[PDB]
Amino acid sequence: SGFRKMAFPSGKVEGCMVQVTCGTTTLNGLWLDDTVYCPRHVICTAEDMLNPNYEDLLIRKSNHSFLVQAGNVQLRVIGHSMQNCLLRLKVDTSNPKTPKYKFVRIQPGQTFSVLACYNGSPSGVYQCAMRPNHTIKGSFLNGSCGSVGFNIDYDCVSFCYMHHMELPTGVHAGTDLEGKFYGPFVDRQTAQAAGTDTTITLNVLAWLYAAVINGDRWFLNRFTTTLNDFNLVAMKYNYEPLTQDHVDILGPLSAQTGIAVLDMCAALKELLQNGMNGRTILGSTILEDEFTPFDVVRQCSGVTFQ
């Protein structure tokens, strides 16, 4: 029993973190095989950041412009190239600790583990959802750029995030491991701000199922809803519209609990309209939206506490 925001074990990622320095700027890099990946803004100074031309800044650098440090060992850079908003630095040594890995672009609403890192040294690990507005509610300070997000499937690490910036609301923006930003953000100084966010309806439903699996049914009701009538309520409460695809995704959880998806939707509608009346669900006084259906199946018992 229990239900916690749970990250993946970080060991396979820790063995990949290095320090990258260009001029007076130091940040984190990701060392896989003989390549080090890092944010291209490592080549910028404070004043470059307003209007940097990365092509022009980079052509002025040699390989020996870059210092890469893995633990106490210096890795010699033997090639470099820009890929979107990242740099790919070729080094003289293949990382002996390279795990089986993939690069994946995660979708909004999906979750991943973040390994916060400073000066090539991992400091902490926590779980994040990719918000509908393409930001994450992370926890990052100066020096954290190049910290990565990932999931682990079997023993394969799926890297999905590299950290680049903080927005005015204190939320975080970054790229996939091909250097493409999540959301409309750019690695320069603009008045850029997070768009309006929405609650991840599919995740809220998954977590209600988690609560039933773990033995709690207080919030259920005798009613059902149509998808469309549910969505009229969702619009009112700034929830994402529910789709048939989301309904299908919830099949396994529905089957394990014996609660039809649209019946669970009716329960959610009532919670939205009436509140929780001083009660909790899985220890929470609010409706949680940062666990996916996958996260629920991963963590909960496969046997419902009936």
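Whichever C-alpha set is largest while still superposing within 1.5 Å between the two forms counts as the rigid core. Throughout, we count residues from 1 along the sequence that is shown.
Asker: Name the stretch, 44-52 or 25-33, whose C-alpha atoms sit farther from the shown form on average in 9 other deposited structures of this protein, taking the rigid core as the superposition reference.
Answerer: Evaluated in 9 other deposited structures of this protein, the stretch farther from the shown form is 44-52.
Asker: Which of these two stretches, 103-111 or 188-196, has the larger RMS Cα offset in 9 other deposited structures of this protein when the rigid core is kept aligned?
Answerer: When 103-111 and 188-196 are compared in 9 other deposited structures of this protein, 188-196 lies farther out.
Asker: Mind pulling up the entry and telling me whether 99-107 or 205-213 has the higher mean Cα temperature factor?
Answerer: It is 99-107.
Asker: Mean Cα B factor from the PDB record: higher for 156-164, or higher for 186-194?
Answerer: It is 186-194 that shows the higher mean C-alpha B-factor.
Asker: Going by the entry, which of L227, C145, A129, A173 has the most elevated CA B factor?
Answerer: Of the candidates given, the C-alpha B-factor peaks at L227.
Asker: Quiz for you: based on the deposited Cα B-factor, which of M49, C265, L250, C38 is highest?
Answerer: Max CA B-factor in the entry, restricted to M49, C265, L250, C38: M49.
Asker: Select lowest, middle or highest to describe the third in which the CA B-factor of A260 falls within its chain in this entry.
Answerer: Its C-alpha B-factor, which the entry lists for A260, ranks in the middle third among residues of this chain.
Asker: In terms of the chain's CA B-factor thirds, is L30 lowest, middle or highest?
Answerer: Within its chain, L30 is a lowest-third residue by C-alpha B-factor, going by the deposited values.
Asker: Name the third of the chain's ranked CA B-factors that contains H134, choosing lowest, middle or highest.
Answerer: Answer is lowest: the recorded C-alpha B-factor places it there.
Asker: Place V20 in the lowest, middle or highest third of its chain's C-alpha B-factors, as listed in the PDB entry.
Answerer: Middle third.
Asker: Can you tell me which third, lowest, middle or highest, the CA B-factor of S113 falls into for its chain?
Answerer: Its C-alpha B-factor belongs to the lowest third of this chain's values.
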